[PDB]
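Student: Chains as they are written, first to last, in the entry's author numbering: chain F, 1 to 125; chain H, 1 to 125; chain L, 1 to 110; chain E, 1 to 110; chain A, 446 to 597; chain B, 446 to 597. Yeah, the Cβ is synthetic: ideal placement off N, Cα and C, and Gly gets one too. The structure is given below, and queries will be raised subsequently.
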């Protein structure tokens, strides 16, 4: 039924451009949105940005000045997340999940009911 | 029935404190508000300030820095208007009228249905 | 320097029609309601129109008004000689927080 | 330095009750809805509670939650050993415009 | 057996009010010193049962909600009555599409119909409003609401 | 002669809608790319006549307002139907006092009930909302409106 599959694990170098893909099946792709959350080895959950699968609307986090781009492909039913100028801190498991809700007006409500198993990205030498 | 009666004509000097009163009868005093409009010999109508006959709330024109105070006397069913530091420009007929409406939030509506015959104030030497 | 600019004067033959204009500045009329008053020479102002088109119970059907965009319009259909008076438009202004009046318009039957 | 501060860890005897706190800052929880997630070791997060009290169809009745004032509270009535997981609270923040997560709470049956 | 009398109200009933020549109030005590639109001669309609009467002809001291007497709130030494209703009260200019909004238009709290009644044939019906969006008045206003829980 | 069928609508009728397990939509095309609360299995009630049916069981192509066919608006290649109603639409959490407000909560324009219908037993009922004030969903929502003028 509902599933999300992510790309394989990636090992990179200081200064790089990782692209992680998340493909979702079992439901209408444009009916819901998609989120991107990273989790460091010892750390919690850090929201990176959301996509609007219908009209490609995108919001990000201000933690990165500009390093993150989330792109969708409705025909392929997959989303893509891009990171730039990597340092030894983007080392995290990157999660793609399905969004329910998504308003940013002050009575805001949004959750993630279907999660991806994550992709491990490493920045070493 | 509904009537508004004002004080008599006044002649003053440069620098004074005129007080003109407006007594209303035939209706519930606190049900409506009261306005004060002056009209120079050759000039139109100039709003000066409104009063709340129920809560003594007052608004004023910003043309005068501070020279105008409007006060109510519910027991006597009359309102009072005060002007300070008079010059040869307060020479006008001063009108007291009954207010219908009175909101200042941007969909604002307010009119005057019962007027007084006015009081002539003169500033000469 | 009135905020709500009006024509100084208008005229029509007895029984003709007159339209009185009242221009705003989009902080006065465009959002708020407008009222109309008439002042006969040497007397108190009288209520003619409220809420942009409404007549009090003593005003006949000749006087009609409406407001569109930034301007509001007053008209009299059937101009009797006893209409020699000044006419004012009033509404609230938000930039300058006042109940600004129109400049006045003297209609003459001639 | 998580905005939504949580206790690092909580514990209760098998079959006892535990409560998880999640403090706000009047911009996070005071106005916005809060969601709850649990993450078993080395696995994906799972939805537990949404809209401050609502359970998805697969979560049993042991888990309940509510939000009052600035803080939100998660509780489990009946603590099976198969609840050794981290728990997170999520809501929106307006000052820093983010979907901020709670710091995580590790519940251990001991 | 006749229909349920208009004095009898149940939660979830639909209330239809007509406010002829309603006029704006800057502050209403039963609304917490907030603006209102009120009518001299309003009429109340129970939409489900089709019974109706003029508000001024209703003995508000014997009006029941769920079998219990209506909440009475005395401000300024005047008896006010509260007909609660789920959600906000929706009101518009009569016979036209133009609509008004209540004072708490931006929040989640509901509204209630307020009536001031003098013992006798004089009642005023009060509707929450934010400003003079329908004008200063007099103006014909129709309102619609769904009767809410019995207040505690 | 039976009562007026639920497919038959007149201006000034009172419409009662129940939206079970309604969920939030960020943008609804029939609302001009504005948020909505919509339900898989909503129910529509004509309060005056007491007739009702599930929205999914209604052939929306043969629903009449004042004797004329309902306005149809095709955005994104999907047929949407519009049931106009005077004033804004009242919706709240079902069985509770918490209330929602529409997107044009601050203005004078009215609202309408939108139905997406597939020819068959699949219909979605859309209600204007400003944000997730009742949550992300699913959430049980009850709405109320008064059927308005026939659009031109």
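With a cut-off of 8 Å, do at least 3 Cβ pairs link the stretch 88-104 of chain F to the stretch 23-37 of chain F?
Tutor: Yes, since at least three Cβ pairs between the stretch 88-104 of chain F and the stretch 23-37 of chain F fall closer than 8 Å, the two stretches touch.
Student: Report the residue from 514/A, 479/A and 485/A whose alpha carbon sits nearest the alpha carbon of residue 55/H.
Tutor: Of the candidates 514/A, 479/A and 485/A, the one whose C-alpha sits nearest the C-alpha of residue 55/H is 479/A.
Student: Can the beta-carbon of residue 532/A be found less than 8 Å from the beta-carbon of residue 528/B?
Tutor: Against a cut-off of 8 Å, the Cβ pair of residue 528/B and residue 532/A comes out as no contact.
Student: Taking 8 Å as the threshold (C-beta atoms), are residue 100/L and residue 67/L in contact?
Tutor: No, Cβ-Cβ distance for residue 67/L and residue 100/L is not below 8 Å.
Student: Counting only the same chain and skipping the five closest in sequence on each side, list residues whose C-beta sits under 7 Å from that of residue 521/A.
Tutor: If we look at residue 521/A and ignore the five residues flanking it on each side, its Cβ neighbours are 474.
Student: Nearest to residue 499/A by alpha carbon, out of 508/A, 493/A, 489/A and 505/A?
Tutor: Taking only the C-alpha atoms, the option nearest residue 499/A is 489/A.
Student: What are the uninterrupted segments assigned as alpha helix (DSSP H) that are 4 or more residues long and contained completely in the stretch 483-570 of chain B, given in chain order?
Tutor: Within the stretch 483-570 of chain B, no complete alpha helix (DSSP H) run reaches 4 residues.
Student: In chain L, which residues lie less than 8 Å from residue 104/H when you measure between Cβ atoms?
Tutor: Those within 8 Å of residue 104/H in chain L are 92 and 97.
Student: With a threshold of 8 Å between beta carbons, is residue 109/F in contact with chain B?
Tutor: Closer than 8 Å to some Cβ of chain B, the Cβ of residue 109/F qualifies, so yes.
Student: Just checking: is the beta-carbon of residue 116/F within a distance shorter than 8 Å of some beta-carbon in chain E?
Tutor: Yes, because at least one Cβ of chain E sits closer than 8 Å to the Cβ of residue 116/F.
Student: What are the residues in the stretch 45-56 of chain L lying within 9 Å of chain A by C-beta distance?
Tutor: Here the close residues are 50, 51, 52 and 54.
Student: Check the Cβ-Cβ distances between residue 42/H and every residue of chain A, and say whether any is below 8 Å.
Tutor: No, because no Cβ of chain A sits closer than 8 Å to the Cβ of residue 42/H.
Student: For the putative contact between residue 413/B and residue 538/B, defined by C-beta atoms under 8 Å, what is the C-beta separation to the nearest angstrom?
Tutor: A query on residue 413/B cannot be resolved here, the shown segment of chain B reaching from 446 to 597 and no further.
Student: Are the C-beta atoms of residue 35/L and some chain H residue less than 8 Å apart?
Tutor: Yes, contact with chain H.
Student: Mind listing the chain B neighbours of residue 535/A? Cutoff is C-beta to C-beta under 7 Å, in chain order.
Tutor: 532, 533 and 535, listed in chain order.
Student: Just to make sure I have the definition right: I need the residues of chain L whose C-beta is within less than 8 Å of the C-beta of residue 393/A. Which are they?
Tutor: A query on residue 393/A cannot be resolved here, the shown segment of chain A reaching from 446 to 597 and no further.
Student: Identify the continuous beta strand (DSSP E) that holds residue 17/E and give its terminal residues.
Tutor: Looking at the DSSP string, the run of the beta strand (DSSP E) that includes residue 17/E is 17-22.
Student: Give the straight-line distance between the Cα atoms of residue 575/A and residue 105/H, rounded to the nearest whole angstrom.
Tutor: Distance between the alpha carbons of residue 575/A and residue 105/H: 9 Å.
Student: Would residue 70/E and residue 87/E qualify as a contact pair, given that the criterion is a beta-carbon distance under 8 Å?
Tutor: Cβ distance not < 8 Å, so residue 70/E and residue 87/E don't count as in contact.
Student: Reducing DSSP to helix, strand and coil, say where residue 31/H ends up.
Tutor: Of the three classes helix, strand and coil, the one that applies to residue 31/H here is helix, per DSSP.
Student: How big is the Cα-Cα spacing for residue 78/E and residue 3/E?
Tutor: Between residue 78/E and residue 3/E, the C-alpha separation is close to 29 Å.
Student: Please report the straight-line C-alpha distance between residue 534/B and residue 536/A, rounded to a whole angstrom.
Tutor: In a straight line, the C-alpha of residue 534/B is about 10 Å away from that of residue 536/A.
Student: From which residue to which residue does the beta strand (DSSP E) around residue 32/E run?
Tutor: No beta strand (DSSP E) holds residue 32/E; DSSP gives it neither H nor E.
Student: In chain order, what residues of the same chain lie with their CB nearer than 6 Å to the CB of residue 116/F, ignoring the 5 residues before and after it?
Tutor: Excluding positions up to five away in sequence, the list reads 4, 6, 22, 95 and 96.
Student: Could you tell me which chain H residues have their CB closer than 8 Å to the CB of residue 88/L, listed as they occur along the chain?
Tutor: The contacting residues are 44 and 45.
Student: Which residue from 460/B, 585/B, 464/B and 471/B puts its Cα closest to that of residue 102/F?
Tutor: Comparing Cα-Cα distances from residue 102/F to each of 460/B, 585/B, 464/B and 471/B, the minimum goes to 471/B.
Student: Could you say which of 76/E, 102/E and 96/E lies nearest to residue 15/E if we only look at CA atoms?
Tutor: Residue 76/E is the option with its Cα nearest to residue 15/E.
Student: On the CB-based measure, 16 or more other CB atoms within 10 Å of its CB, does residue 9/L come out buried or exposed?
Tutor: Classification of residue 9/L: exposed, given that the 10 Å Cβ count is below 16.
Student: By how many angstroms is the C-alpha of residue 573/A removed from the C-alpha of residue 477/A?
Tutor: Taking the straight line joining both Cα atoms gives about 10 Å.
Student: For residue 106/L, does the three-state DSSP call read helix, strand or coil?
Tutor: Reduced to three states, the DSSP call for residue 106/L is strand.
Student: I want to see whether chain H comes within less than 8 Å of residue 484/A, judged by CB atoms only; does it?
Tutor: For residue 484/A, the answer is no, since every Cβ of chain H falls outside 8 Å of its Cβ.
Student: Using a Cβ cut-off of 8 Å, pull out every chain E residue sitting near residue 577/B, in sequence order please.
Tutor: Residues of chain E passing the Cβ test: 33.
Student: Using the Cα positions of residue 564/B and residue 523/B, report the straight-line distance between them to the nearest angstrom.
Tutor: The straight-line gap from Cα to Cα measures roughly 11 Å.
Student: Check each candidate in 55/E, 80/E, 6/E and 97/E and name the one with the smallest Cα separation from residue 112/F.
Tutor: Minimum Cα distance to residue 112/F is reached at 55/E.
Student: Hey, does residue 469/B have any beta-carbon neighbour from chain F nearer than 8 Å?
Tutor: For residue 469/B, the answer is yes, since a Cβ of chain F falls inside 8 Å of its Cβ.
Student: Nearest-angstrom Cα distance between residue 120/F and residue 65/F?
Tutor: Distance between the alpha carbons of residue 120/F and residue 65/F: 22 Å.
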